[PDB]
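Visitor: Below are the structure tokens for one structure; questions will follow.
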Amino acid sequence: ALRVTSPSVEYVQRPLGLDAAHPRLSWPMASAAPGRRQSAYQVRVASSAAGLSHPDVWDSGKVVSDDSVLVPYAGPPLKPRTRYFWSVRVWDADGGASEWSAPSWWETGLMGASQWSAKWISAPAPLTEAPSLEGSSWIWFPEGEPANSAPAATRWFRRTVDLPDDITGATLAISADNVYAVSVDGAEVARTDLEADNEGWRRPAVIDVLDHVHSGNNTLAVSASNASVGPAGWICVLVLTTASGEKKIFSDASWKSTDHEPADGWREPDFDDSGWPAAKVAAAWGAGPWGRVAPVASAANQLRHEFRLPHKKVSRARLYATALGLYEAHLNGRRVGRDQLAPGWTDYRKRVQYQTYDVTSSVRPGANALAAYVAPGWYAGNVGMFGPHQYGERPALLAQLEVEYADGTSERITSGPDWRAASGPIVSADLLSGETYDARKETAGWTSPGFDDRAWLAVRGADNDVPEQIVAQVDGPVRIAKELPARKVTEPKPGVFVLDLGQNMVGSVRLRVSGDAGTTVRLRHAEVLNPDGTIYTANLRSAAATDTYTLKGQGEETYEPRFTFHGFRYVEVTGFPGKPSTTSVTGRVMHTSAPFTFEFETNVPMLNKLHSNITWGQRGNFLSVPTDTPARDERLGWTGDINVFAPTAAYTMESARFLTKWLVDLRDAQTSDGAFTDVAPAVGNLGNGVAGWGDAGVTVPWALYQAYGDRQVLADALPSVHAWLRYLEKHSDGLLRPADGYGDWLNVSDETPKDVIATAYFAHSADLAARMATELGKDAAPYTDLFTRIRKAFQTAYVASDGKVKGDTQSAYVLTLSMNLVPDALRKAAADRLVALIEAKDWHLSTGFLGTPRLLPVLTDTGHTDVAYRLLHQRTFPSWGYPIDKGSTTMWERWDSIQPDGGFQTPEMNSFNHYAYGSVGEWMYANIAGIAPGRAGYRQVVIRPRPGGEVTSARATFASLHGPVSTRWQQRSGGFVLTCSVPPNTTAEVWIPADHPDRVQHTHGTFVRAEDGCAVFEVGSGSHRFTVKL
Ligand SMILES: [Ca+2]
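Heads up, the final residue of the sequence shown is numbered 1032 in the entry's author numbering, and it's a clean run with no missing numbers.
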């Protein structure tokens, strides 16, 4: 008989906090007997597992249908905060019913803003703002009008100040147009450098100076330099904290200045400056050309609330939470959940995602404490190459804890004005810069009741814009999926240790260290090494990717960052007490919580490595949004990159929830004139309307539809697709598109004309829109007609009588053949020419981002699988093999990220972890493993392994929505054997290469025809075997 295995709701088993009005149910089935199809199903939903025999929510009754995947709930409207139990049974094609599936459940979340009574809260200004420059003045030497114009020169400044007794803290905030070097009592405490300056006056530094100040007279001295003729000035505040409040010392006319280089000693207390004139105020803070300049603070503050619960039996407790920023919540001394970087990145003006946690076993009778760290994240911290405060200035928390009692009563505890805040140990936390943690600043016991917080500060209501929508998180929360212990420790310079994790990973480390309180360990993170064995970080650009930990002197300390992440294979450790060992550093690999769904293995080590690298490049960049790179100061949701990689991504991980979520981001960013943006979420004024980039709005829904059969993804995308096509028609001339855009980005000196590219993508988008309309039973004629008209305009403009395409590049042919743009009479000629260009390059590809994903497929489509294998197995540059031979463990941004001479490509743009060239994956899975969808969502699977190159042996399992699709084939002593497993309610078309077609032995299925050297079989579900002996 047929049985239901692993039923799911919205792609997952037992989702907690699901807000869908009509959650989509799936029931993979298993059967030892071949050839099974579903004729009917019946779903029941009830308020308890036992209640399913007499269901109180829904009973579909027996529904005549072969649908078994993503069937929408169609009972009475669902209520918020409710657990729904469900079960399904089916009838096979004979009429026999299965067992009822073992009962399962989903639980709704809050389903709408009105169900929140919590308030947004933030730590108060002393905890979320850096010491500021307000009250201070920009000063210079008294020459002319320095705020307008000063010479390109250095000026010198001194001030002796009498500081109060009992100083407990001291900070210096300082900025200069253009650079400065500041000292206290002759010891330099900070500087900026002329060569490194790029409008550094915009970014004041804040420095702790307690170790250099004392009571009584202290001498401050500053040199400052103006880089060119124009505005000059420098500004500072020295804040001294004592138990009786703050004292501030400003830059102002009480400072002495000189314009002639002073004698040495000029920084020392007893130097004679009595002949130096007073410094001149160039502008008060806020005045001059410099505006309201402020230092940036990025602390992850602690927020907490104690409360009393009744002594009654708890039936259930849930915490719903989110942040404008990032948070980690704690309840009664125990961290809540296992998510990292919650709530993730959305356009916070339009939506923020909330999380739901089961905390039933954490709540207590009597005294309870709820607590959270709250950090800047994407909301307020550095984002890409664009700096901080993209959405707001200060992070905010929203939290609602609901406890239900067995007597039917309940309590609700929320974020609000009664919460208290403290700085705690996380001094700085930034996604790009890293995290700085001082264990001495720990407040032991703060996540537990009975804690003394009388000297904590009242929280404030947040002044953040309220997101339009608060929605249950759609994608899998980022979680640690695995740990990578350090594989070796080197010491390439004295006291500078480099630990190799053996894999370029994304996440952060656990540091174990024992040593004296006050010892500071620094951890820098790198993707690659210099030839001397030191870490190379130039390609990271402005992202420091440095975590700093100061010890509390308490046994074997453990430090695990919370509010940052890096992309790296190597960790450089400085300041370690003694010698780190491999146990000192362990990588914690973080990404979206989605399963891997493709196992692939061949007889060829290099292909197995290529597959590993693909899955590592994908997972490294699947953290909240599909990113271009996880390591440098970028990490943006680049449309081009996911456009090319989506079909491969949908083989190797369950990518439906992740890319569904991202397409919501893309549509949130679509411009008012219908242009898809270059990145989504849209930050930093990057462009829009770019061919092969903005087209992700069409190609990514289609890729999800092909992999999963997800009709809802198409329905939700189609109106944005219409608006995109309308935009593209408006921005074209007789349907020909401008030669603008990125083009075939990072091709190997084989540049395709951008108008050929742009017009090809326009047509392809029209083609896909017709295919979507068709799948949805909508009217496709307008789109089909549009496609027809673009293809004609395209062929006339760029395709010659002999089949030559304008630009005569590898990508020019790849794209036209792929998108069905070459007239059919000329496909042979166009493909012949492609092969000719490959042969001419000594059997190397030349394609960039847009050409590469379609190259091996086009080669196979046109009867050149042998050539595809040649490219695939190629080891010399450019190739997939070239980087692998150089020790790659991910896909690089460039074919030559490490060049053949051994040097690096330009650090201006050179990542070792972009998934784009991993798009070769889909060709391997479809052709070596022989697993491809004949109908959307693998309702029919085409099993067409094409042996070739060095592959004589392959095995694969794809975790489809209908269940596992497996293949295993072997060529040996003349003979071929293929076995496969095809799940119930699906069918397969199997192609078996054979000298003599009608001689193939087969356990199941029907010979239908001979084609291209193989017997073609049609087969139903089950375990099949095919053999060809001689
Ligand atoms: Ca200047």
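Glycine included, C-beta positions come from ideal geometry on N, C-alpha and C.
CB residue 512 to CB residue 550, shorter than 7 Å?
Guide: As a position in the sequence shown, residue 512 is number 510, starting the count at 1. As a position in the sequence shown, residue 550 is number 548, starting the count at 1. No, Cβ-Cβ distance for residue 512 and residue 550 is not below 7 Å.
Visitor: In whole angstroms, give me the CA-to-CA distance for residue 404 and residue 109.
Guide: Start at 1 with the first residue of the sequence shown, and residue 404 comes out as number 402. Start at 1 with the first residue of the sequence shown, and residue 109 comes out as number 107. Computed Cα separation, rounded: 14 Å.
Visitor: What does DSSP give as the partner residues of residue 174 in its beta bridges?
Guide: Looking up residue 174 in the sequence shown gives position 172. 209, 240, per the DSSP bridge assignment.
Visitor: Between which two residues does the alpha helix (DSSP H) harbouring residue 642 extend?
Guide: Numbered from its first residue, the sequence shown carries residue 642 at position 640. First-last of the alpha helix (DSSP H) with residue 642: 641-654.
Visitor: Counting by C-beta, which residues lie closer than 7 Å to a heavy atom of ligand 1, in chain order?
Guide: 179, 180, 228, 229, 230, 232, 233, 234
Visitor: Once the 5 residues before and after residue 425 are set aside, which same chain residues still bring their CB inside 7 Å of it?
Guide: Residue numbering aside, residue 425 sits at position 423 when the sequence shown is read from its first letter. Closer than 7 Å at Cβ, skipping near neighbours: 129, 301, 303, 443.
Visitor: Between which two residues does the alpha helix (DSSP H) harbouring residue 940 extend?
Guide: To locate residue 940, count along the sequence shown from 1; it is residue 938. Per DSSP, residue 940 belongs to no alpha helix (DSSP H) and is neither H nor E.
Visitor: Which of helix, strand or coil does DSSP assign to residue 169?
Guide: As a working note, residue 169 is residue 167 in the sequence shown. The answer is coil: DSSP assigns residue 169 none of H, G, I, E or B.
Visitor: Residue 241 and residue 173 - do their beta-carbons sit closer together than 7 Å?
Guide: In the sequence shown, counting from the first residue as 1, residue 173 sits at position 171. In the sequence shown, counting from the first residue as 1, residue 241 sits at position 239. Result yes, Cβ atoms of residue 173 and residue 241 sit closer than 7 Å.
Visitor: Between the beta-carbon of residue 1010 and the beta-carbon of residue 855, is there less than 7 Å?
Guide: In the sequence shown, counting from the first residue as 1, residue 1010 sits at position 1008. In the sequence shown, counting from the first residue as 1, residue 855 sits at position 853. Result no, Cβ atoms of residue 1010 and residue 855 do not sit closer than 7 Å.
Visitor: Applying the criterion that 16 or more other CB atoms from any shown protein chain within 10 Å of the CB defines a buried residue, is residue 154 buried or exposed?
Guide: Residue mapping note: residue 154 aligns to position 152 of the sequence shown, counting from 1. Exposed: under 16 other Cβ atoms inside 10 Å.
Visitor: Do the segment 739-752 and the segment 720-729 make contact, defined as three or more Cβ pairs closer than 8 Å?
Guide: no
Visitor: In its own chain, which residues sit with a C-beta less than 6 Å from the C-beta of residue 462, not counting the 5 before and 5 after it?
Guide: As a working note, residue 462 is residue 460 in the sequence shown. Excluding positions up to five away in sequence, the list reads 124, 126.
Visitor: Evaluate residue 66 with the Cβ neighbour count: other Cβ atoms within 10 Å of its Cβ, from every protein chain shown; 16 or more gives buried, anything less gives exposed.
Guide: As a first step, residue 66 must be located in the sequence shown, where it is residue number 64. Exposed is the call here.
Visitor: So does the segment 430-440 actually touch the segment 532-552, counting three or more Cβ pairs closer than 8 Å?
Guide: yes
Visitor: Between the segment 600-613 and the segment 409-423, do three or more beta carbon pairs fall short of 8 Å?
Guide: Taking a contact to require three or more Cβ pairs closer than 8 Å, the segment 600-613 and the segment 409-423 do not qualify as touching.
Visitor: What does the Cβ neighbour count give for residue 161, buried or exposed, with the cut at 16 atoms within 10 Å?
Guide: Locating residue 161 in the sequence shown gives position 159, counting from the first residue. Counting other Cβ atoms within 10 Å of its Cβ, residue 161 reaches 16 or more and is therefore classed as buried.
Visitor: Using only the alpha-carbon positions, how far apart do residue 561 and residue 588 sit?
Guide: Mapped onto the sequence shown, residue 561 falls at position 559. Mapped onto the sequence shown, residue 588 falls at position 586. Spanning the two alpha carbons is a distance of roughly 11 Å.
Visitor: Going by Cα to Cα distance, which pick from 317, 157, 350 is closest to residue 324?
Guide: Taking the first residue of the sequence shown as position 1, residue 324 is located at position 322. Ranking the options by Cα distance to residue 324, first place goes to 350.
Visitor: Between the segment 962-976 and the segment 928-935, can you find at least three pairs of beta-carbon atoms closer than 8 Å?
Guide: yes
Visitor: Quick test of your reading: residue 48 and residue 57, contact by CB under 8 Å. State the CB separation rounded to the nearest angstrom.
Guide: Residue 48 sits at position 46 when you count from the first residue of the sequence shown. Residue 57 sits at position 55 when you count from the first residue of the sequence shown. Confirmed, Cβ separation roughly 4 Å.
Visitor: So, residue 1 versus residue 915, is the Cβ gap smaller than 7 Å?
Guide: Outside the shown range of the chain, which is 3 to 1032, sits residue 1, and nothing can be said about it.
Visitor: Going by beta-carbon coordinates alone, are residue 663 and residue 476 separated by less than 7 Å?
Guide: As a working note, residue 663 is residue 661 in the sequence shown. As a working note, residue 476 is residue 474 in the sequence shown. Taking 7 Å as the cut-off, the Cβ atoms of residue 663 and residue 476 count as close.
Visitor: Between which two residues does the alpha helix (DSSP H) holding residue 709 run?
Guide: Within the sequence shown, numbered from 1, the residue matching residue 709 stands at position 707. Note, residue 709: alpha helix (DSSP H), 698-710.
Visitor: Any contact between the segment 321-336 and the segment 178-193? By contact I mean 3 or more CB pairs, one from each, below 8 Å.
Guide: no
Visitor: What whole-angstrom Cβ distance do residue 206 and residue 175 have, given they're in contact under 8 Å?
Guide: On the sequence shown, position 204 is the one that residue 206 refers to. On the sequence shown, position 173 is the one that residue 175 refers to. For residue 206 against residue 175, the beta-carbon gap comes to about 5 Å, under 8 Å, which counts as contact.
Visitor: Could you check what DSSP says for residue 994 in three-state terms: helix, strand or coil?
Guide: On the sequence shown, position 992 is the one that residue 994 refers to. In the structure shown, residue 994 sits in a strand (DSSP, three-state: E or B).
Visitor: Find out if the Cβ-Cβ distance for the pair residue 369, residue 140 is shorter than 7 Å.
Guide: What you label residue 369 is simply residue 367 of the sequence shown in a count that begins at 1. What you label residue 140 is simply residue 138 of the sequence shown in a count that begins at 1. Contact flag unset, no.
Visitor: Do the segment 87-96 and the segment 25-44 make contact, defined as three or more Cβ pairs closer than 8 Å?
Guide: yes
Visitor: Residue 348 and residue 357 - do their beta-carbons sit closer together than 7 Å?
Guide: As a first step, residue 357 must be located in the sequence shown, where it is residue number 355. As a first step, residue 348 must be located in the sequence shown, where it is residue number 346. Taking 7 Å as the cut-off, the beta carbon of residue 357 is found no closer than this to the beta carbon of residue 348.
Visitor: Please list, in chain order, all residues of the same chain as residue 395 whose beta carbon is under 7 Å from its beta carbon, the five residues on each side excluded.
Guide: Here residue 395 is taken as the residue at index 393 of the sequence shown, counted from 1. Counting only Cβ-Cβ distances below 7 Å, and skipping sequence neighbours, we find 382.
Visitor: Which same chain residues end up closer than 7 Å to residue 131 when comparing Cβ atoms and leaving out the 5 residues on each side of it in sequence?
Guide: Along the sequence shown, read from residue 1 onward, the residue named residue 131 stands at position 129. Closer than 7 Å at the Cβ level, and outside the excluded window around residue 131, lie 299.
Visitor: Under the three-state reduction of DSSP, which class applies to residue 200: helix, strand or coil?
Guide: Here the question's residue 200 lines up with position 198 in the sequence shown. Coil at residue 200, not helix or strand.
Visitor: From the DSSP output, in three-state form, read off residue 61 for me.
Guide: Translated into positions along the sequence shown, residue 61 becomes position 59. Reduced to three states, the DSSP call for residue 61 is strand.
Visitor: Give me the residue from 99, 101, 93, 22 with the minimum Cα distance to residue 76.
Guide: Locating residue 76 in the sequence shown gives position 74, counting from the first residue. Per the Cα distances, 22.
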